[PDB]
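Undergrad: So I've got this experimental structure, pasted below with the sequence.
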Number of protein chains: 2
Amino acid sequence: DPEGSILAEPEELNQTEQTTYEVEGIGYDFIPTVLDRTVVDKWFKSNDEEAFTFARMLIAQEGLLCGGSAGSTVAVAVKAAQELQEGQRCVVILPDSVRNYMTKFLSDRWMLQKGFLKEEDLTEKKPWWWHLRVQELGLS
Amino acid sequence: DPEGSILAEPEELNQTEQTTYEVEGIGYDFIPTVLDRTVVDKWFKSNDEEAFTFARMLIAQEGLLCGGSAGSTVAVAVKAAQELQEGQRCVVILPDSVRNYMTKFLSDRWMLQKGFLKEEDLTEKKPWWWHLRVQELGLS
């Protein structure tokens, strides 16, 4: 359940200041009639930054062209599933494709504008020549 | 006695191909009537490169604004006087001033043109930034 929504229980997990989140397709300010929370063994809260970062990591390291909700699901799974041991199996549901978020989190510009990515995080992994000026070339 | 001249004895010291030398004021193709070689204990041959280099070293490390002949004299003295020990004294005669050679060996251009100085010898002692291009500046 994204931050700002009240779907997750118990209630104290839902106490947060901001009611709006950039993640889409999940989280609501009301309990749907369809939903049956009794069959849920546990709930987790998730935020936009980790969700989009995990979606990008999924794209870059597994080829799964999935959206932000899949990123949130995987981010929560990597935490909840620490209890499992070898030989046991876990399943994650990836809702939708990246197509719906082409100019959204998939774009570095939008990520930096929202602050979900910081210049230090973007630059720490770049080559040694990244910071050099074009002045260093033999252009003419 | 500069190379190309026949003043020095014994004769085999004077066997060299080139008869012309850039050093001035010393060396001749004949034995002067005034000269008395019998009172000379030893003779040495000298060349332009070492003479001018020693003159420049004299200027740069002792303040003696002397010409090429003084450089030749000091270059020969530093060789001949190795036999002396502590407590003994040596004298060198420095003929003339640097005034007569202002655009000559005193000029790096002329030294490089004559080949008496090589770019490697000039550059080996320069700072680490010497070879960097002006392109490395923050000019605007």
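TA: Yep, that arrived. Residues are numbered from 1 along each chain as shown, chains lettered A, B, ... in the order given.
Undergrad: Longest helix of chain A, counting residues only.
TA: What stands out as the longest helix in chain A, according to DSSP state H, is helix A:48-62.
Undergrad: which secondary structure elements does it contact?
TA: In terms of contacts (3 or more C-beta pairs under 8 Å, 6 or more residues apart in numbering or on different chains; DSSP states H and E), helix A:48-62 is packed against helix A:68-80. In short, each C-beta sits where N, CA and C put it, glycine included.
Undergrad: buried sites along the helix or strand just after the helix it packs on?
TA: As assigned by DSSP states H and E, the chain's next helix or strand after helix A:68-80 is helix A:108-114. In terms of neighbour count (16 or more other C-beta atoms under 10 Å in any protein chain shown), helix A:108-114 has its buried residues at A:110, A:111.
Undergrad: Quick one: end-to-end distance for stretch A:93-108.
TA: 25 Å (C-alpha to C-alpha, to the nearest Å).
Undergrad: now do stretch A:13-24
TA: Using C-alpha to C-alpha, first and last residues of stretch A:13-24 are 20 Å apart.
Undergrad: Then stretch A:90-101?
TA: Start-to-end span of stretch A:90-101 (C-alpha to C-alpha) is 27 Å.
Undergrad: Residues in contact with it: which ones?
TA: Residues outside stretch A:90-101 that contact it (C-beta atoms under 8 Å, 6 or more residues apart in numbering or on different chains): A:24-26, A:55, A:59, A:64-70, A:73-74, A:77, A:81, A:84, A:106.
Undergrad: mind running it again at 7 Å?
TA: A:25, A:59, A:64-70, A:73-74, A:77, A:81, A:84, A:106 (C-beta atoms under 7 Å, 6 or more residues apart in numbering or on different chains).
Undergrad: Then stretch A:62-72?
TA: Contacts of stretch A:62-72 (C-beta under 7 Å, 6+ apart): A:2, A:23-26, A:46, A:51-52, A:54-55, A:58-59, A:94-98, A:100-101, A:105.
Undergrad: Next, the buried residues of it.
TA: By neighbour count on 16+ other C-beta under 10 Å, the buried set for stretch A:62-72 is A:66, A:67, A:68, A:69, A:70, A:71, A:72.
Undergrad: Give me the nearest residue to residue A:5, chain neighbours excluded.
TA: Distances taken as C-beta to C-beta, 6 or more residues apart in numbering or on different chains place residue A:27 nearest to residue A:5, at 3.3 Å, with adjacent residues excluded.
Undergrad: What distance do you get for the spatially most central residue of chain A to residue B:79?
TA: For chain A, residue A:51 is the residue whose C-alpha lies nearest the centre (C-alpha atoms, centre = their mean; 0.8 Å). Between residue A:51 and residue B:79 the computed distance is 83 Å (C-beta to C-beta, to the nearest Å).
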